[PDB]
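Trainee: When you get a sec, could you give me coordinates for this:
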Amino acid sequence: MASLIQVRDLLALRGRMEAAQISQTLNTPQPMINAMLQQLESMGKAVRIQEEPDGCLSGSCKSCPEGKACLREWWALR
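Mentor: Residues are numbered from 1 along each chain as shown. Find the structure here:
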């Protein structure tokens, strides 16, 4: 495995960015940085970031989804 300083440094260097990116930086497995991010989050080191919302068009009618996953939440430092 890699070091946390990597994700932390990258998080600082590359600022706010998804883990997918960080993981790539260290060619690490997706299901690796997320775990760390969770730990840091619990502690209160990094912060959660949100990406642009979603939208759609529609004439005269109403219909929403069923919750569905949330936007691609990004991660950053505090």
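
Trainee: And the helices in the chain, which stretches?
Mentor: When secondary structure is read from DSSP state H, the chain shows helices at 4-13, 19-25, 30-43.

Trainee: and these as JSON lines, adding mean neighbour count?
Mentor: For the C-beta atoms, the positions are set from N, CA and C on the backbone; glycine is no exception. Supplementary listing: the helices of the chain in JSON lines, determined by neighbours: other Cβ atoms under 10 Å:
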{"stretch": "helix 4-13", "mean neighbour count": "17"}
{"stretch": "helix 19-25", "mean neighbour count": "18"}
{"stretch": "helix 30-43", "mean neighbour count": "15"}
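
Trainee: Can you add distance to residue 50 and give these back as CSV?
Mentor: Compiled in CSV, these are given as follows (distance: least, Cβ to Cβ, whole Å):
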stretch, distance to residue 50
helix 4-13, 16
helix 19-25, 14
helix 30-43, 14
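
Trainee: Nearest to residue 67, out of the ones you listed?
Mentor: Set against residue 67 and scored by Cβ to Cβ, these come closest in helix 30-43, at 20.6 Å.

Trainee: Which neighbouring elements make contact with that closest one?
Mentor: On a contact count with 3 or more Cβ pairs under 8 Å, 6 or more residues apart in numbering; DSSP states H and E, helix 30-43 meets helix 4-13, helix 19-25, strand 46-49.

Trainee: For residue 78, find the nearest of the ones you listed.
Mentor: strand 46-49 (5.2 Å).

Trainee: Would you mark the buried spots in the closest one?
Mentor: By neighbour count, with 16 or more other Cβ atoms under 10 Å as the criterion, the buried positions of strand 46-49 are 46, 49.

Trainee: Fine by me, thanks again.
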